[PDB]
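The chain below stands alone and is given as structure tokens, in the form deposited in one PDB entry.
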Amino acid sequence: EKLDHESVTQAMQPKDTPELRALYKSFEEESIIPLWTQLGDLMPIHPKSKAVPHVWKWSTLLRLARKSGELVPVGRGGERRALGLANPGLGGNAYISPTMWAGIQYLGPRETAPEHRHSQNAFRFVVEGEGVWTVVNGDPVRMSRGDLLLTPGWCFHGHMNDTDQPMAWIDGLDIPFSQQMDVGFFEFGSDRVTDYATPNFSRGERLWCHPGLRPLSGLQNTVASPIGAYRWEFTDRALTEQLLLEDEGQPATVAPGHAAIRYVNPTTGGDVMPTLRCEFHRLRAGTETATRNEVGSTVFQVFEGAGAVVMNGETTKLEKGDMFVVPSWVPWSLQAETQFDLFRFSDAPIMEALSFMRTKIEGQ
């Protein structure tokens, strides 16, 4: 119970003879790697990611996406003017964590990003901006400040900026899980979008965004949410109500002065997509969350307010639009200077689906 790989006796250390050396040479030849030279690495005491905790500043992400907007045309080959946050610990891979791409995308005036689909699951989130529609399976979906937009695996999507002003948002994808696991399919669709109309709300939303109500034409459950946009007005209202209910002495908040919602698939009550969990948190000025260790990785974008994240004991101060990653099992807490709003995503549905999830909370 108390020993680690540092502290235990290495009892499988063979005599370094010419025959041993011949046996090891013969291993390499035959595509064999013995367990005993390697045990501690393959099976650590607790998760020890190669991904490192890290913070990206929004002013930095903005300046670089804007410069990218001058110098690089968006179109067919590369598909998107999207800049992926790359974990310094992940050997040059465009992965914010071992499971997830997190990135900034920029669409300049009147630009179109052509239609494609991929098994990989995706979502858009907007800290600031208006002007872009993303057309998901032919259904135009407005993008605005505070909106979560979904694009589940295997759905066609392309984006067009219907205005003379640029917008930026963030993408989250299971791109990295999907590459390492070999699950990727990809298909090119129309070079434009298939509908340039700009309805204020999409068809999915007009069918599925009535609370506690389900169309009779939609009685089959789905693996991904059929809600295309989760609009800021509902998220804001939910969070306010939880805070109001707290004031009124009623249970609601997840911890004192900590309001939070999880975005869900209305057909099951579960996660928006099989691999990706989205949440939105609002902390009262002064709130400090209890330190957590969680299996798998999570990313936050600050939506509004000022505060700090503490990861491994290290406080970093945070401003609007800043992003950070918390690798598997790294202890973390948030601290609200003002009322602190944040957008969150994680690979938790993968961890929970496979029974790998664990949670340590300080104070219990």
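Take the two forms, superpose them, and find the largest set of C-alpha atoms that agree within 1.5 Å; that set is the rigid core. Residues carry their position along the shown sequence, with the first being 1. Only residues modelled in both forms are compared.
Not on display, but discussed next: the form deposited in another entry.
Enquirer: To test your reading of the superposition: with the rigid core aligned, which of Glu288, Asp162, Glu79, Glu241 moves its Cα by 2 angstroms or more between the shown form and the other one?
Expert: The answer here is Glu79.
Enquirer: Is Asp191 among the residues whose Cα moves by 2 Å or more between the shown form and the other one after superposition of the rigid core?
Expert: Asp191 C-alpha, core-superposed: shift of 2 Å or more.
Enquirer: Closer or farther apart in that other deposited form, the C-alpha atoms of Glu111 and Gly78, for a change of 3 Å or more?
Expert: Closer, not farther.
Enquirer: Suppose the core is superposed; which segments, at least 3 residues long, show C-alpha displacements of 2 Å or more throughout between the shown form and the other one?
Expert: After superposition, residues 73-79, 190-193 shift as runs.
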